[PDB]
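K.L.:
Sharing input.pdb (PDB, C-alpha atoms) below.
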```pdb
ATOM      1  CA  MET A   1     -46.378 -74.724  76.137  1.00  0.00           C
ATOM      2  CA  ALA A   2     -50.170 -75.208  76.095  1.00  0.00           C
ATOM      3  CA  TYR A   3     -51.905 -76.442  72.920  1.00  0.00           C
ATOM      4  CA  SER A   4     -55.114 -76.231  74.986  1.00  0.00           C
ATOM      5  CA  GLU A   5     -57.273 -73.292  76.128  1.00  0.00           C
ATOM      6  CA  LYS A   6     -56.619 -74.194  79.783  1.00  0.00           C
ATOM      7  CA  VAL A   7     -53.773 -72.527  81.711  1.00  0.00           C
ATOM      8  CA  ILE A   8     -54.836 -73.816  85.146  1.00  0.00           C
ATOM      9  CA  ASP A   9     -51.800 -75.235  86.984  1.00  0.00           C
ATOM     10  CA  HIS A  10     -53.659 -78.328  88.242  1.00  0.00           C
ATOM     11  CA  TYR A  11     -57.042 -79.538  89.544  1.00  0.00           C
ATOM     12  CA  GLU A  12     -55.727 -79.777  93.124  1.00  0.00           C
ATOM     13  CA  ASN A  13     -51.996 -80.097  93.892  1.00  0.00           C
ATOM     14  CA  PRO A  14     -48.929 -81.706  92.236  1.00  0.00           C
ATOM     15  CA  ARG A  15     -48.347 -83.724  95.431  1.00  0.00           C
ATOM     16  CA  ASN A  16     -50.778 -86.465  94.343  1.00  0.00           C
ATOM     17  CA  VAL A  17     -53.898 -85.391  96.273  1.00  0.00           C
ATOM     18  CA  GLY A  18     -53.487 -84.007  99.813  1.00  0.00           C
ATOM     19  CA  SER A  19     -55.544 -81.019 101.020  1.00  0.00           C
ATOM     20  CA  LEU A  20     -55.290 -79.938 104.679  1.00  0.00           C
ATOM     21  CA  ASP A  21     -51.624 -79.553 105.693  1.00  0.00           C
ATOM     22  CA  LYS A  22     -51.150 -75.939 106.848  1.00  0.00           C
ATOM     23  CA  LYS A  23     -48.790 -75.831 103.839  1.00  0.00           C
ATOM     24  CA  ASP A  24     -50.935 -75.477 100.696  1.00  0.00           C
ATOM     25  CA  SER A  25     -52.225 -72.692  98.417  1.00  0.00           C
ATOM     26  CA  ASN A  26     -55.808 -73.896  98.977  1.00  0.00           C
ATOM     27  CA  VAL A  27     -55.533 -73.129 102.712  1.00  0.00           C
ATOM     28  CA  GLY A  28     -55.077 -69.598 104.106  1.00  0.00           C
ATOM     29  CA  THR A  29     -53.531 -69.303 107.591  1.00  0.00           C
ATOM     30  CA  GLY A  30     -53.722 -66.216 109.838  1.00  0.00           C
ATOM     31  CA  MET A  31     -52.390 -65.805 113.396  1.00  0.00           C
ATOM     32  CA  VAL A  32     -52.757 -62.368 115.023  1.00  0.00           C
ATOM     33  CA  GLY A  33     -53.065 -61.041 118.596  1.00  0.00           C
ATOM     34  CA  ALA A  34     -53.192 -57.855 120.707  1.00  0.00           C
ATOM     35  CA  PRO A  35     -49.712 -57.209 122.190  1.00  0.00           C
ATOM     36  CA  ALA A  36     -51.356 -54.167 123.820  1.00  0.00           C
ATOM     37  CA  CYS A  37     -52.551 -56.428 126.660  1.00  0.00           C
ATOM     38  CA  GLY A  38     -51.930 -60.155 126.078  1.00  0.00           C
ATOM     39  CA  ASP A  39     -54.505 -61.776 123.763  1.00  0.00           C
ATOM     40  CA  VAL A  40     -53.777 -64.298 120.983  1.00  0.00           C
ATOM     41  CA  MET A  41     -56.183 -65.221 118.162  1.00  0.00           C
ATOM     42  CA  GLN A  42     -55.730 -67.775 115.353  1.00  0.00           C
ATOM     43  CA  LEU A  43     -58.090 -68.156 112.373  1.00  0.00           C
ATOM     44  CA  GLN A  44     -57.706 -70.485 109.368  1.00  0.00           C
ATOM     45  CA  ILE A  45     -60.060 -70.746 106.369  1.00  0.00           C
ATOM     46  CA  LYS A  46     -60.262 -73.561 103.791  1.00  0.00           C
ATOM     47  CA  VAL A  47     -60.920 -72.942 100.075  1.00  0.00           C
ATOM     48  CA  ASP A  48     -61.543 -75.853  97.677  1.00  0.00           C
ATOM     49  CA  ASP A  49     -65.272 -76.179  96.910  1.00  0.00           C
ATOM     50  CA  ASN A  50     -64.501 -74.222  93.718  1.00  0.00           C
ATOM     51  CA  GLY A  51     -62.555 -71.311  95.243  1.00  0.00           C
ATOM     52  CA  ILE A  52     -65.403 -71.268  97.786  1.00  0.00           C
ATOM     53  CA  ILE A  53     -64.977 -71.740 101.554  1.00  0.00           C
ATOM     54  CA  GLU A  54     -66.391 -75.090 102.726  1.00  0.00           C
ATOM     55  CA  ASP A  55     -64.702 -75.359 106.144  1.00  0.00           C
ATOM     56  CA  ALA A  56     -63.455 -72.655 108.539  1.00  0.00           C
ATOM     57  CA  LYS A  57     -61.546 -73.649 111.696  1.00  0.00           C
ATOM     58  CA  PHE A  58     -60.042 -71.323 114.327  1.00  0.00           C
ATOM     59  CA  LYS A  59     -58.249 -71.271 117.703  1.00  0.00           C
ATOM     60  CA  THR A  60     -58.306 -68.513 120.349  1.00  0.00           C
ATOM     61  CA  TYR A  61     -56.789 -69.473 123.724  1.00  0.00           C
ATOM     62  CA  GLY A  62     -56.035 -66.471 125.961  1.00  0.00           C
ATOM     63  CA  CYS A  63     -59.156 -64.281 126.179  1.00  0.00           C
ATOM     64  CA  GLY A  64     -61.955 -66.037 128.099  1.00  0.00           C
ATOM     65  CA  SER A  65     -64.689 -64.486 125.926  1.00  0.00           C
ATOM     66  CA  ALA A  66     -63.249 -63.589 122.500  1.00  0.00           C
ATOM     67  CA  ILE A  67     -64.477 -67.105 121.638  1.00  0.00           C
ATOM     68  CA  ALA A  68     -68.145 -66.200 121.043  1.00  0.00           C
ATOM     69  CA  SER A  69     -67.298 -63.816 118.178  1.00  0.00           C
ATOM     70  CA  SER A  70     -64.840 -66.471 116.942  1.00  0.00           C
ATOM     71  CA  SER A  71     -67.883 -68.712 116.359  1.00  0.00           C
ATOM     72  CA  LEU A  72     -69.814 -65.897 114.636  1.00  0.00           C
ATOM     73  CA  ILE A  73     -67.054 -64.766 112.242  1.00  0.00           C
ATOM     74  CA  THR A  74     -66.077 -68.380 111.470  1.00  0.00           C
ATOM     75  CA  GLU A  75     -69.765 -69.184 110.851  1.00  0.00           C
ATOM     76  CA  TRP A  76     -70.109 -66.031 108.719  1.00  0.00           C
ATOM     77  CA  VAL A  77     -67.478 -66.990 106.119  1.00  0.00           C
ATOM     78  CA  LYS A  78     -68.204 -70.734 106.313  1.00  0.00           C
ATOM     79  CA  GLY A  79     -69.746 -70.981 102.824  1.00  0.00           C
ATOM     80  CA  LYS A  80     -68.822 -67.505 101.530  1.00  0.00           C
ATOM     81  CA  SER A  81     -65.880 -66.880  99.170  1.00  0.00           C
ATOM     82  CA  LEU A  82     -62.480 -65.171  99.533  1.00  0.00           C
ATOM     83  CA  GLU A  83     -63.885 -62.263  97.496  1.00  0.00           C
ATOM     84  CA  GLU A  84     -66.344 -61.728 100.370  1.00  0.00           C
ATOM     85  CA  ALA A  85     -63.892 -62.407 103.223  1.00  0.00           C
ATOM     86  CA  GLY A  86     -61.629 -59.764 101.647  1.00  0.00           C
ATOM     87  CA  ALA A  87     -64.317 -57.081 102.065  1.00  0.00           C
ATOM     88  CA  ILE A  88     -66.116 -57.608 105.393  1.00  0.00           C
ATOM     89  CA  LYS A  89     -65.154 -55.100 108.111  1.00  0.00           C
ATOM     90  CA  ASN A  90     -64.957 -55.214 111.927  1.00  0.00           C
ATOM     91  CA  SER A  91     -67.811 -52.680 112.115  1.00  0.00           C
ATOM     92  CA  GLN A  92     -70.068 -55.377 110.621  1.00  0.00           C
ATOM     93  CA  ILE A  93     -69.743 -57.707 113.635  1.00  0.00           C
ATOM     94  CA  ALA A  94     -69.345 -54.779 116.062  1.00  0.00           C
ATOM     95  CA  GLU A  95     -72.891 -53.761 115.058  1.00  0.00           C
ATOM     96  CA  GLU A  96     -74.405 -57.270 114.948  1.00  0.00           C
ATOM     97  CA  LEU A  97     -73.045 -57.776 118.484  1.00  0.00           C
ATOM     98  CA  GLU A  98     -73.541 -54.248 119.868  1.00  0.00           C
ATOM     99  CA  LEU A  99     -70.635 -53.976 122.335  1.00  0.00           C
ATOM    100  CA  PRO A 100     -69.115 -50.910 124.077  1.00  0.00           C
ATOM    101  CA  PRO A 101     -65.862 -49.330 122.789  1.00  0.00           C
ATOM    102  CA  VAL A 102     -64.046 -50.923 125.754  1.00  0.00           C
ATOM    103  CA  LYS A 103     -63.678 -54.326 124.052  1.00  0.00           C
ATOM    104  CA  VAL A 104     -63.137 -53.522 120.354  1.00  0.00           C
ATOM    105  CA  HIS A 105     -59.992 -55.651 120.773  1.00  0.00           C
ATOM    106  CA  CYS A 106     -62.228 -58.523 119.608  1.00  0.00           C
ATOM    107  CA  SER A 107     -63.996 -57.218 116.481  1.00  0.00           C
ATOM    108  CA  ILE A 108     -60.468 -56.052 115.586  1.00  0.00           C
ATOM    109  CA  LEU A 109     -58.822 -59.488 115.887  1.00  0.00           C
ATOM    110  CA  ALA A 110     -61.811 -60.730 113.853  1.00  0.00           C
ATOM    111  CA  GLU A 111     -61.376 -58.670 110.662  1.00  0.00           C
ATOM    112  CA  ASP A 112     -57.600 -58.379 111.173  1.00  0.00           C
ATOM    113  CA  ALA A 113     -57.535 -62.197 111.296  1.00  0.00           C
ATOM    114  CA  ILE A 114     -59.304 -62.705 107.946  1.00  0.00           C
ATOM    115  CA  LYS A 115     -56.780 -60.210 106.526  1.00  0.00           C
ATOM    116  CA  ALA A 116     -53.907 -62.456 107.667  1.00  0.00           C
ATOM    117  CA  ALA A 117     -55.501 -65.582 106.150  1.00  0.00           C
ATOM    118  CA  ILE A 118     -55.936 -63.769 102.813  1.00  0.00           C
ATOM    119  CA  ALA A 119     -52.380 -62.370 102.892  1.00  0.00           C
ATOM    120  CA  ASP A 120     -50.893 -65.830 103.540  1.00  0.00           C
ATOM    121  CA  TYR A 121     -53.395 -67.286 101.043  1.00  0.00           C
ATOM    122  CA  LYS A 122     -52.058 -65.164  98.158  1.00  0.00           C
ATOM    123  CA  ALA A 123     -48.423 -65.207  99.341  1.00  0.00           C
ATOM    124  CA  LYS A 124     -48.393 -69.017  99.024  1.00  0.00           C
ATOM    125  CA  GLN A 125     -47.835 -68.383  95.295  1.00  0.00           C
ATOM    126  CA  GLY A 126     -45.660 -65.268  94.886  1.00  0.00           C
ATOM    127  CA  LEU A 127     -41.848 -65.501  94.743  1.00  0.00           C
ATOM    128  CA  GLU A 128     -41.958 -69.012  96.253  1.00  0.00           C
ATOM    129  CA  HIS A 129     -38.378 -70.278  96.685  1.00  0.00           C
ATOM    130  CA  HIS A 130     -35.280 -70.693  94.482  1.00  0.00           C
ATOM    131  CA  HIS A 131     -32.673 -72.618  96.509  1.00  0.00           C
ATOM    132  CA  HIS A 132     -33.115 -75.526  98.950  1.00  0.00           C
ATOM    133  CA  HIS A 133     -30.184 -77.973  99.114  1.00  0.00           C
ATOM    134  CA  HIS A 134     -31.657 -81.389  99.993  1.00  0.00           C
TER     135      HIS A 134
END
```
Before anything else, please render the file you have as C-alpha cells.
P.N.:
Amino acid sequence: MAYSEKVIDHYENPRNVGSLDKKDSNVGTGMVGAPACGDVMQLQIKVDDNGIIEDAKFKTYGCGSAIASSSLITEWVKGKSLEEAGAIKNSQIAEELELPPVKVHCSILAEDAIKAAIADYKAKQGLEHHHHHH
C-alpha cells in the first residue's frame, strides 16, 4: 500500500498535468453577494507554488466601487498562504481603508469571499462522488 515514507496523492493531478480549470483541488472558488440590496462579488485564489498562493483573480460586476477593495484584498493574499487567508478579518481592510459604517457591505464581501474560496478549496476532497453512469 506504500513501501515508501510518502503518502502524498500526487505531485499535481492524475489528469496528466492541467492546473487552472475551475475544477481542481489546487484552485479554491468563492462566489458571494449581498442579497440585501443587489451586489455580486466573485473571488478565486490559486494555490500551487507549494501550497502557497501565486495568482489571485477576481470578478465583481454590480457595485461601481467595490472594485477598489477587490484589488487590495486580491493583492493582499497574492503571495500569502491559505493558512493566512483563513485568518484575516474584514476589520483588517475596514481599518486600512477607513470607511463609514454605511458601506461595510464591501469589507464584508471581502472576508466572506475568502471564506467561500477556502470552503470550496477543502470540499474539493471530502466525500467526492460515488456514482456517475457514463
K.L.:
So that I can check the surroundings of region 25-33 of chain A, please list as a ChimeraX atom specification every protein, DNA and RNA residue that reaches within 9 Å of it, counting only C-alpha atoms and ignoring chain neighbours fewer than 6 positions away.
P.N.:
/A:12-13,19,39-48,51,109,112-125
K.L.:
Enclose all atoms of region 35-54 of chain A listed in the file in an axis-aligned box, grow every side by 3 Å, and hand back centre and edge lengths in Å to one decimal, as JSON.
P.N.:
```
{"center_x": -58.1, "center_y": -65.2, "center_z": 110.2, "size_x": 22.7, "size_y": 28.0, "size_z": 38.9}
```
K.L.:
Taking the file above as input, evaluate the PyMOL selection byres ((chain A and resi 64) around 12) and report the hits as a ChimeraX atom specification.
P.N.:
/A:38-41,60-63,65-70,106
K.L.:
Determine, counting all atoms listed in the file, which protein, DNA and RNA residues have an atom within 8 Å of an atom of residue 78 (chain A); residues of the same chain fewer than 2 positions away are not included. Present the result as a compact mmCIF listing (two decimals) with C-alpha atoms, keeping the file's coordinate frame.
P.N.:
```txt
# COMPACT_ATOMS: atom_id res chain seq x y z
CA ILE A 53 -64.98 -71.74 101.55
CA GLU A 54 -66.39 -75.09 102.73
CA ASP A 55 -64.70 -75.36 106.14
CA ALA A 56 -63.46 -72.66 108.54
CA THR A 74 -66.08 -68.38 111.47
CA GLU A 75 -69.76 -69.18 110.85
CA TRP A 76 -70.11 -66.03 108.72
CA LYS A 80 -68.82 -67.50 101.53
```
K.L.:
Report the distance between CA of residue 89 (chain A) and CA of residue 111 (chain A) in Å, rounded to one decimal place.
P.N.:
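That distance, rounded to one decimal, is 5.8 Å.
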K.L.:
From the options A:99, A:127, A:52, A:37, which residue's atoms come nearest to residue 77 (chain A), counting only C-alpha atoms?
P.N.:
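Going through A:99, A:127, A:52, A:37 one by one, the smallest distance to residue 77 (chain A) is for A:52.
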K.L.:
I'd like to know which of A:102, A:24, A:128, A:108 is closest to residue 90 (chain A), using only C-alpha atoms.
P.N.:
A:108
K.L.:
Tell me which of A:22, A:36, A:81, A:107 sits closest to residue 93 (chain A), counting only C-alpha atoms.
P.N.:
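Looking only at the distances to residue 93 (chain A), the closest residue turns out to be A:107.
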K.L.:
For the atom pair CA of residue 2 (chain A) and CA of residue 50 (chain A), what is the interatomic distance in Å to one decimal place?
P.N.:
22.7 Å
K.L.:
Enter the distance from CA of residue 134 (chain A) to CA of residue 18 (chain A), in Å, rounded to one decimal.
P.N.:
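Interatomic distance here is 22.0 Å.
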K.L.:
Select, from A:103, A:57, A:10, A:131, the residue with the minimum atom-to-atom distance to residue 73 (chain A), counting all atoms listed in the file.
P.N.:
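Among the listed residues, A:57 lies closest to residue 73 (chain A).
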K.L.:
Only N, CA, C and O atoms needed: put region 39-67 of chain A from the block into a file as an mmCIF file, in the first residue's frame.
P.N.:
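selection.cif, written as the output of this step:
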```cif
data_model
loop_
_atom_site.group_PDB
_atom_site.id
_atom_site.type_symbol
_atom_site.label_atom_id
_atom_site.label_comp_id
_atom_site.auth_asym_id
_atom_site.auth_seq_id
_atom_site.Cartn_x
_atom_site.Cartn_y
_atom_site.Cartn_z
ATOM 1 N N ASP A 39 -25.868 43.257 -4.871
ATOM 2 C CA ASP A 39 -24.422 43.338 -5.227
ATOM 3 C C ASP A 39 -23.853 41.922 -5.363
ATOM 4 O O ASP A 39 -24.128 41.054 -4.560
ATOM 5 N N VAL A 40 -23.063 41.685 -6.375
ATOM 6 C CA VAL A 40 -22.480 40.326 -6.561
ATOM 7 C C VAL A 40 -20.953 40.418 -6.545
ATOM 8 O O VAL A 40 -20.369 41.293 -7.152
ATOM 9 N N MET A 41 -20.303 39.521 -5.855
ATOM 10 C CA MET A 41 -18.814 39.558 -5.803
ATOM 11 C C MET A 41 -18.260 38.152 -6.038
ATOM 12 O O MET A 41 -18.758 37.180 -5.506
ATOM 13 N N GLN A 42 -17.229 38.037 -6.831
ATOM 14 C CA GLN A 42 -16.639 36.694 -7.097
ATOM 15 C C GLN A 42 -15.129 36.749 -6.870
ATOM 16 O O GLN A 42 -14.439 37.585 -7.418
ATOM 17 N N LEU A 43 -14.607 35.866 -6.061
ATOM 18 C CA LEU A 43 -13.141 35.875 -5.800
ATOM 19 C C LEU A 43 -12.584 34.456 -5.931
ATOM 20 O O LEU A 43 -13.127 33.512 -5.393
ATOM 21 N N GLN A 44 -11.499 34.301 -6.637
ATOM 22 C CA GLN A 44 -10.900 32.947 -6.802
ATOM 23 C C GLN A 44 -9.402 33.020 -6.499
ATOM 24 O O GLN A 44 -8.709 33.903 -6.963
ATOM 25 N N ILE A 45 -8.896 32.104 -5.720
ATOM 26 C CA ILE A 45 -7.443 32.133 -5.391
ATOM 27 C C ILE A 45 -6.762 30.882 -5.952
ATOM 28 O O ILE A 45 -7.365 29.831 -6.058
ATOM 29 N N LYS A 46 -5.514 30.987 -6.317
ATOM 30 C CA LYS A 46 -4.797 29.809 -6.877
ATOM 31 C C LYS A 46 -3.720 29.344 -5.893
ATOM 32 O O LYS A 46 -2.994 30.140 -5.331
ATOM 33 N N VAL A 47 -3.608 28.062 -5.684
ATOM 34 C CA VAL A 47 -2.577 27.542 -4.741
ATOM 35 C C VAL A 47 -1.774 26.439 -5.432
ATOM 36 O O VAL A 47 -2.304 25.407 -5.793
ATOM 37 N N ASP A 48 -0.499 26.645 -5.624
ATOM 38 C CA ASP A 48 0.326 25.603 -6.297
ATOM 39 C C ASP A 48 1.804 25.822 -5.975
ATOM 40 O O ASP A 48 2.566 24.884 -5.855
ATOM 41 N N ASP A 49 2.217 27.051 -5.841
ATOM 42 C CA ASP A 49 3.648 27.326 -5.532
ATOM 43 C C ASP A 49 4.000 26.712 -4.176
ATOM 44 O O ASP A 49 4.549 27.365 -3.311
ATOM 45 N N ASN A 50 3.682 25.460 -3.987
ATOM 46 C CA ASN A 50 3.988 24.792 -2.689
ATOM 47 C C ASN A 50 2.904 25.145 -1.672
ATOM 48 O O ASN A 50 3.184 25.627 -0.593
ATOM 49 N N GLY A 51 1.665 24.912 -2.010
ATOM 50 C CA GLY A 51 0.561 25.237 -1.064
ATOM 51 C C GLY A 51 0.486 26.754 -0.883
ATOM 52 O O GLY A 51 -0.328 27.264 -0.139
ATOM 53 N N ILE A 52 1.334 27.480 -1.561
ATOM 54 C CA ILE A 52 1.319 28.962 -1.434
ATOM 55 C C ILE A 52 0.431 29.559 -2.527
ATOM 56 O O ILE A 52 0.093 28.904 -3.495
ATOM 57 N N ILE A 53 0.050 30.800 -2.381
ATOM 58 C CA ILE A 53 -0.814 31.441 -3.409
ATOM 59 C C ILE A 53 0.058 32.255 -4.366
ATOM 60 O O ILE A 53 0.671 33.232 -3.985
ATOM 61 N N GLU A 54 0.122 31.859 -5.608
ATOM 62 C CA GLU A 54 0.958 32.609 -6.587
ATOM 63 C C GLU A 54 0.077 33.577 -7.379
ATOM 64 O O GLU A 54 0.471 34.686 -7.677
ATOM 65 N N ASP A 55 -1.113 33.164 -7.726
ATOM 66 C CA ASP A 55 -2.013 34.062 -8.501
ATOM 67 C C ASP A 55 -3.342 34.226 -7.763
ATOM 68 O O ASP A 55 -3.776 33.349 -7.042
ATOM 69 N N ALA A 56 -3.993 35.342 -7.941
ATOM 70 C CA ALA A 56 -5.298 35.568 -7.258
ATOM 71 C C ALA A 56 -6.197 36.412 -8.163
ATOM 72 O O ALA A 56 -6.068 37.619 -8.231
ATOM 73 N N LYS A 57 -7.104 35.788 -8.862
ATOM 74 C CA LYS A 57 -8.005 36.554 -9.767
ATOM 75 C C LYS A 57 -9.306 36.887 -9.036
ATOM 76 O O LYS A 57 -9.528 36.467 -7.918
ATOM 77 N N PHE A 58 -10.168 37.642 -9.661
ATOM 78 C CA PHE A 58 -11.456 38.005 -9.007
ATOM 79 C C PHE A 58 -12.422 38.561 -10.056
ATOM 80 O O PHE A 58 -12.080 38.705 -11.214
ATOM 81 N N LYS A 59 -13.627 38.873 -9.662
ATOM 82 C CA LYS A 59 -14.610 39.420 -10.638
ATOM 83 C C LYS A 59 -15.800 40.014 -9.881
ATOM 84 O O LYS A 59 -16.589 39.304 -9.288
ATOM 85 N N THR A 60 -15.939 41.312 -9.897
ATOM 86 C CA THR A 60 -17.077 41.948 -9.177
ATOM 87 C C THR A 60 -17.805 42.909 -10.121
ATOM 88 O O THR A 60 -17.408 44.044 -10.293
ATOM 89 N N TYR A 61 -18.868 42.463 -10.732
ATOM 90 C CA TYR A 61 -19.620 43.353 -11.662
ATOM 91 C C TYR A 61 -21.017 43.617 -11.099
ATOM 92 O O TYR A 61 -21.889 42.772 -11.153
ATOM 93 N N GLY A 62 -21.235 44.782 -10.558
ATOM 94 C CA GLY A 62 -22.573 45.106 -9.988
ATOM 95 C C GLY A 62 -22.458 46.355 -9.113
ATOM 96 O O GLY A 62 -23.305 47.225 -9.139
ATOM 97 N N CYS A 63 -21.409 46.450 -8.343
ATOM 98 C CA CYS A 63 -21.233 47.644 -7.469
ATOM 99 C C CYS A 63 -20.128 48.532 -8.045
ATOM 100 O O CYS A 63 -18.957 48.219 -7.957
ATOM 101 N N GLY A 64 -20.490 49.636 -8.639
ATOM 102 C CA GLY A 64 -19.461 50.541 -9.223
ATOM 103 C C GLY A 64 -18.615 51.150 -8.104
ATOM 104 O O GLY A 64 -18.755 52.308 -7.768
ATOM 105 N N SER A 65 -17.736 50.379 -7.523
ATOM 106 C CA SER A 65 -16.883 50.918 -6.426
ATOM 107 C C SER A 65 -16.266 49.761 -5.637
ATOM 108 O O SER A 65 -15.103 49.786 -5.288
ATOM 109 N N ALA A 66 -17.037 48.748 -5.351
ATOM 110 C CA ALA A 66 -16.496 47.592 -4.582
ATOM 111 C C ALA A 66 -15.277 47.015 -5.306
ATOM 112 O O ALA A 66 -14.685 46.048 -4.870
ATOM 113 N N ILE A 67 -14.897 47.599 -6.410
ATOM 114 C CA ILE A 67 -13.716 47.081 -7.156
ATOM 115 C C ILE A 67 -12.437 47.445 -6.396
ATOM 116 O O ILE A 67 -11.629 46.594 -6.079
#
```
